[PDB]
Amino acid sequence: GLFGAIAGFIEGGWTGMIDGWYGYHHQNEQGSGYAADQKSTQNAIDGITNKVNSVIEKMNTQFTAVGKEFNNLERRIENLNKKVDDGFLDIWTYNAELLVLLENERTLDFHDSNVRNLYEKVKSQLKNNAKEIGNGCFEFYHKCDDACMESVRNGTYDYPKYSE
């Protein structure tokens, strides 16, 4: 992936996290579990929803009867009409195919970007109060209860609360 997170330094996804696209897995003395990150998930949903709706809704349609009837002394204009229909077909098929190919690439990149940004945001607030393992994980140098890790997910984590 372009941003190197999904199928990246984070090798796989979580079937355990049902409630969002991006999120956290935590483990402390109180237990372990999954939590989706609502801000990044909802922002992604809004973005992707906007893209799909753009592709669908920017299509403008007027009432059209495509077919025309020509007699046997009208062959030339009959083939002109066919050239128009066939020409529109070539254009829409090619463009629709490539639009989907290209924008699927961008959608998957977008997700990759979102995971990386989330990761680096968490990294910045924790700083040296935690160790970076790899695979997207941080080992705290202090004890973080459900209230503390919630502050990490909330973006409110207090660095000079903790030391050592």
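Heads up, when I say rigid core I mean the largest set of C-alphas that superpose within 1.5 Å between the two forms. Numbering starts at 1 and runs along the sequence shown.
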| query | finding |
| --- | --- |
| Between 118-126 and 63-71, larger RMS Cα displacement in 4 other deposited structures of this protein after core fit | 63-71 |
| Farther-lying stretch by C-alpha RMS in 4 other deposited structures of this protein (rigid core fit) among 152-160, 20-28 | 152-160 |
| Between the two ranges 54-62 and 133-141, the one averaging a larger CA B factor in the entry | 133-141 |
| Between 5-13 and 142-150 (mean CA B-factor, as deposited), the higher | 142-150 |
| Which of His111, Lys68, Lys39, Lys127 ranks first by CA B-factor in the deposited coordinates | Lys127 |
| Top residue by Cα temperature factor, when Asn43, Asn104, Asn117, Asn28 are compared in the entry | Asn28 |
